[PDB]
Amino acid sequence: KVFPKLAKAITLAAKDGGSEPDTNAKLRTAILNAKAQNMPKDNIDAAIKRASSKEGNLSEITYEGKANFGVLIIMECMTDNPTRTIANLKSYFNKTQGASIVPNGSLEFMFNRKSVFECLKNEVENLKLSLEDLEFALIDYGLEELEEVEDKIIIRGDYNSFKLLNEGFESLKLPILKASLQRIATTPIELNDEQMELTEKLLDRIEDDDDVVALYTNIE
């Protein structure tokens, strides 16, 4: 469900970055995420050690697809067998009428790559700084927008601003609940209840695949 995939990001990051967090930014980000989610220490350690084994040959691959109702799908996967992955995904689409995987690039310019940092509303108040100060401060570190979602603050910035934004959060000594790179549709679409239900069928099968670590749609 959630741990296996959070474990895959720790292994992948270690394989092409080293098993030393102090010198591997991505590994730190992966570790931070797993921790905030409440993955036991031994598990993480197990994910870092896996990179140096026959089970550490993971890769990040993105697939693109479309479905009825003008739906566009971006699937991010980490797998130890791209052949198996592409085959399973195709079996999911070849089960839903009107849906199909398309060549990468087909959705170009339809989505935006953004850095998304989630923070706890209680953490911000901890070091006593307003949301106004948080925004003013992070504007110099890549912040494009600040949104509020009960008990937590979500800060977004361009994809390339990931590293810097992390710097900002660390400068303010503000704990990060979750840091990631997400694909956000440029032109969101809204489906009626009937459409959402029909689409949900396909979206649930995909999300359930053990290789799909991220799923982005143009749905609002």
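The first residue of the sequence shown is number 1, and the count goes up from there.
Chemist: Do the CA atoms of 70-78 or those of 86-94 have the higher mean B-factor in the entry?
Modeler: The stretch with the larger mean CA B-factor is 86-94.
Chemist: Which wins on mean Cα temperature factor, 149-157 or 58-66?
Modeler: The recorded data point to 149-157.
Chemist: Of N43, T29, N166, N38, which one's C-alpha B factor is largest in the deposited record?
Modeler: Largest recorded C-alpha B-factor: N38.
Chemist: How does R183 rank on Cα B-factor within its chain, lowest, middle or highest third?
Modeler: Tercile = middle for this residue's CA B-factor.
Chemist: Against its chain's modelled residues, does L191's Cα B factor rank lowest, middle or highest third?
Modeler: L191: CA B-factor falls in the middle third of its chain.
Chemist: Which third of the chain does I48 land in by C-alpha B-factor: lowest, middle or highest?
Modeler: Its C-alpha B-factor, which the entry lists for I48, ranks in the lowest third among residues of this chain.
Chemist: Quick check on the deposited entry: does the C-alpha B-factor of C119 sit in the lowest, middle or highest third of its chain?
Modeler: Highest third, going by the recorded CA B-factors of the chain.
Chemist: Relative to the other modelled residues in the chain, which third contains the C-alpha temperature factor of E132: lowest, middle or highest?
Modeler: Answer is highest: the recorded C-alpha B-factor places it there.
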